[PDB]
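Trainee: Here is my input, please return the structure:
(2 chains, ligands or ions: 1)
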Amino acid sequence: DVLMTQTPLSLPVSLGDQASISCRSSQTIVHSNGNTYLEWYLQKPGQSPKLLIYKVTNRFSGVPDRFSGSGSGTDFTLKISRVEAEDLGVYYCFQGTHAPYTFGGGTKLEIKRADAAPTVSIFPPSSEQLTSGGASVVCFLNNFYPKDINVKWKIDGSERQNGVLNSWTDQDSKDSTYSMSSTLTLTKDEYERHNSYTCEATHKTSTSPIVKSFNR
Amino acid sequence: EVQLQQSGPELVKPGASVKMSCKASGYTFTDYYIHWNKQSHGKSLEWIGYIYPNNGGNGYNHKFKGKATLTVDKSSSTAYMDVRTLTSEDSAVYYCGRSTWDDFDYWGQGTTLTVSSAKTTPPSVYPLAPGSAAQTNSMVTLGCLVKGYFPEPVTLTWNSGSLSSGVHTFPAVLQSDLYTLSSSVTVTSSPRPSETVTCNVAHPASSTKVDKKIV
Ligand SMILES: c1ccc(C2(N3CCCCC3)CCCCC2)cc1
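Mentor: Residues are numbered from 1 along each chain as shown, chains lettered A, B, ... in the order given. Below, you will see the structure:
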């Protein structure tokens, strides 16, 4: 089995910039037919890997010219000239020379840009959830950047953590931001027993929170 | 166009077997090899093996040999993978791909295989209105909370599909083996509450559709 190593695991870049994803083989993948079967796949999130480069150098039909691959028997490089937004996804190198056919680990192309403070939204438990017996306080921190951005849930001033499940949407390809969802789930029982709910947002854009709250 | 219709997410208890297929339309199903690849948790990629639809020539990765069985239906243009002895490690996304002697071509959409000893439990869709967040007078953010549904697949949609912009559907997290999703559509003040915003949720494994709204 031939090992494929893809460096870097994660490559952050800004727009119009250049990117270089390396992939190396544990051993030559130059086939005896005199050909090297190394492929480059770009998998966008919520999608399947699509083909960009076949046989090191060649580009697939309809793939933009900005992507160019090259390499020498053991070291390959996928190259991108002026990263665009739609270039987000995981990049994969593949070897169909020695069997079994191996895939390189993959590489993350998130896109660097201007910091954006999240549009924060808080939602109390909807009516049916109470009638039914549970309570879920939701908070949507949309369109932000960079990714590291903390959210602390505070009940009547006191910080709270257990019962909270956060979810991150992938970096939008049209604007290059993220959206998160924090849901403070707590039994109606422990909910009616309180007044204010604070969804606080710490982040690295402007070093100062954005606090949303409601009181029942 | 090489339209590979690989399809159907489905869950199966351990020990059981499953048979997934790929429909090849647009071309001569007999001229290209069909390959099988395993995308393990949207991350790792592994090769299973191939099948060539004119003679039945096939081959496998020694690691998938004990559980994989590849076959073709030449008359209906379909290739099938039979996964058996299903332990948790089998739950993953399986792609079907077309390959010329030299290279891969068109991959299929993808198949999700949840290997689970658990039951199918529909989603509880609770609608979300503000009254406490970034005011409703310029551009407001509404939400839909889909919680406590199994298995993993549910698609959240908005306004019969008549609101595709401004929607942020976050992935799902699993609480005690249930999945909780939440999406949000940031709409103009003019729309909600003046107009109807209807949240359309669907969950195959339970035949569950529920179209909601709020106050
Ligand atoms: C059957 C047909 C083609 C192959 C591939 N390869 C073609 C060149 C020679 C070595 C094997 C590698 C896997 C993807 C398709 C290309 C494998 C098996």
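Trainee: Could you confirm residue B:205 falls within a helix?
Mentor: Yes. Using DSSP: H, G, I helix; E, B strand; the rest coil, the assignment for residue B:205 is a helix.
Trainee: isn't it right next to residue B:153, touching?
Mentor: Yes. Contact criterion CB atoms under 8 Å: residue B:205 and residue B:153 qualify, at 6.9 Å. All C-beta spots, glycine's among them, are computed from the backbone N, C-alpha and C.
Trainee: what sits in contact with each of these two?
Mentor: Shared contacts of residue B:205 and residue B:153 (CB atoms under 8 Å, 6 or more residues apart in numbering or on different chains): residue B:9.
Trainee: Which residue would be the closest one in chain B to chain A?
Mentor: Nearest to chain A, among the residues of chain B, is residue B:132, at 2.9 Å (CB to the nearest CB).
Trainee: tally of neighbours for the nearest residue to that residue once chain neighbours are set aside?
Mentor: Ranked by CB to CB, 6 or more residues apart in numbering or on different chains and with sequence neighbours excluded, the top spatial neighbour of residue B:132 is residue A:214, at 2.9 Å. Using other CB atoms under 10 Å in any protein chain shown, residue A:214 has 17 other residues around it.
Trainee: Report all helices and strands that the one helix or strand residue A:214 maps to contacts.
Mentor: Assigned by DSSP states H and E, residue A:214 belongs to strand A:210-215. Here strand A:210-215 touches strand A:119-123, strand A:196-201, going by 3 or more CB pairs under 8 Å, 6 or more residues apart in numbering or on different chains; DSSP states H and E.
Trainee: mind putting those strands in JSON lines, mean neighbour count and distance to residue B:163 included?
Mentor: JSON lines is the format used below for these (neighbours: other CB atoms under 10 Å in any protein chain shown; distance: least, CB to CB, whole Å):
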{"stretch": "strand A:119-123", "mean neighbour count": "24", "distance to residue B:163": "17"}
{"stretch": "strand A:196-201", "mean neighbour count": "22", "distance to residue B:163": "24"}
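Trainee: List the residues that contact the nearest residue in space to residue A:146 that is not next to it in sequence.
Mentor: Distance criterion CB to CB, 6+ apart; nearest residue to residue A:146, sequence neighbours excluded, is residue A:204 at 5.4 Å. Neighbouring residues of residue A:204 by CB under 8 Å, 6+ apart: A:115, A:146, A:148-149.
Trainee: By neighbours, which of the residues you listed wins?
Mentor: Ranked by neighbour count (other CB under 10 Å), the contacts of residue A:204 have residue A:149 at the top, with 19 neighbours.
Trainee: Isn't that residue up against residue A:200?
Mentor: No. Applying CB under 8 Å, one finds residue A:149 not in contact with residue A:200, separated by 11.0 Å.
Trainee: hmm, back to that, so the residue nearest to residue B:132 bridges to which residues?
Mentor: With DSSP bridges applied, residue A:214 shows beta-bridge pairing to residue A:197.
Trainee: how about whichever residue of chain B sits closest to the ligand, what does it touch?
Mentor: Nearest residue of chain B to the ligand: residue B:99, at 3.7 Å (CB to the nearest ligand atom). Taking CB under 8 Å, 6+ apart, we find residue B:99 in contact with A:96, B:32-35, B:50, B:105.
Trainee: repeat that for 7 Å
Mentor: Under the criterion of CB atoms under 7 Å, 6 or more residues apart in numbering or on different chains, the neighbours of residue B:99 are B:32-33, B:35, B:50, B:105.
Trainee: if I pick the residue positioned nearest the centre of chain A, what's in contact with it?
Mentor: Here the mean C-alpha position of chain A is nearest to the C-alpha of residue A:170 (CA atoms, centre = their mean), at a distance of 4.5 Å. Residues near residue A:170 by CB under 7 Å, 6+ apart: residue A:45.
Trainee: With that, I have no additional questions.
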